[PDB]
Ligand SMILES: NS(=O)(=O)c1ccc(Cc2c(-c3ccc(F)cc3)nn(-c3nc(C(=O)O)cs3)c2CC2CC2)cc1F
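What follows is a single chain, given as structure tokens, in the form deposited without the ligand.
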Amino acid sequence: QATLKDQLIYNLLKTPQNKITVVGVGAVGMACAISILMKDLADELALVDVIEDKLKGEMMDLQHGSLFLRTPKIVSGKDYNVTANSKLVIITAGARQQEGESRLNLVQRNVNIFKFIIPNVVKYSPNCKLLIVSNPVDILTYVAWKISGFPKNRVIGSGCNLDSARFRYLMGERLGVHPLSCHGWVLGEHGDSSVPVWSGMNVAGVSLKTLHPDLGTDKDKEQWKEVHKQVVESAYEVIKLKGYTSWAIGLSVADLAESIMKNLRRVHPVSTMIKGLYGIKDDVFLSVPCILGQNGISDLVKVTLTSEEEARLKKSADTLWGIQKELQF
């Protein structure tokens, strides 16, 4: 007498190597999850949240699509033991930006949540890289770094990877070029104080501000400054229209995860400690271009900013530090 399985299969053999955990199964977390699944970045995906039904429903929905994926193990749970041995833990949990609301208003509430999340993550994946997505992402990357005790190369904020992607899309819409071939960087706060690096914007290595010196100024008859205003307002407008943002940030996060998981050493504008650059003296985290790989941030790229750009980046650091210094944890 033998069961079906035992008549069909002779068992020979009785840890995951490319495991990714997503913390938070709100819209941002689930868009990160689906993007990472469709890019075949992980051999195991773990989801963690505190709403048990929603967590199970999202896990089941993904699992029902397994035939169409190449990620063979999808698990979930409220207990962080399900996250054990992750290479990469993506934290998207916490309060999310609402209509008309500054991401900076979320800071203390999400700091309080990180006091619980981060130690549990570190307990079960002491060797992982942390990719912070929750907002305000720059301050929460600082907080995650402080709580975790990790070296700062392994604490990465998704930062302005998305703002720069939005900038390159809008740039491409004006020039009739795919964003892949429109190069431009948004640095600083992932938020209202972000900094467009007009002096570096280029197609095929041609500096656009060299052709158009008014680029980025008020006197600009083409009003390129509106491009950056649209970058700043983008999240507010999408939130007002559909209630939240999800797809673009999910793709941005999966882009960062690809560079990390595959050790690509591509350059991304992500949140990291900038103390000692551009005359900044405090432990401020904000986005500068960094080399990203399997050890996290291995190097910073020292971008040459104009005086006007450097002043705006300092203003961004001052805004963040004004909030950072008043946190207790």
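One rule holds for the numbers: they count along the sequence shown, beginning at 1. The term rigid core refers to the most C-alpha atoms you can superpose between the two forms while keeping them within 1.5 Å.
Below, we turn to the form deposited with the ligand bound, even though it does not appear here.
Placing the ligand onto this chain by superimposing the site C-alphas, using its pose in the entry with it bound, gives at least 3 ligand atoms within 2.4 angstroms of backbone or C-beta atoms, which makes the site blocked.
Contact check at 4.5 Å (heavy atoms) against the ligand in the entry with it bound: none of 155, 274 and 299 pass. At a distance threshold of 4.5 angstroms between non-hydrogen atoms, residue 222 is out of contact with the ligand in the entry with it bound.
Interface membership of residue 150, defined by any non-hydrogen atom within 4.5 Å of the ligand in the entry with it bound, is ruled out. When the ligand is considered in the entry with it bound, residue 166 lines it closely, a heavy atom lying within 4.5 Å. Contact annotation for residue 129: none of its heavy atoms lies within 4.5 Å of the ligand in the entry with it bound. Just one of 215, 122, 251, 239 comes within 4.5 Å of the ligand in the entry with it bound, counting any heavy atom, and that one is 239.
Interface residue among 195, 137, 89, 144, judged by heavy atoms within 4.5 Å of the ligand in the entry with it bound: 137. Applying a 4.5 Å heavy atom cutoff to the ligand in the entry with it bound picks out no residue from 26-47. In the core-aligned comparison between the shown form and the other one, the C-alpha of 105 is the only one from 210, 127, 105, 181 that shifts by 2 Å or more. Taking 2 Å as the criterion, residue 168 does not count as shifted between the shown form and the other one: its C-alpha moves by less than this amount when the rigid core is aligned. The Cα shift for residue 87 between the shown form and the other one, taken after rigid core superposition, is smaller than 2 angstroms.
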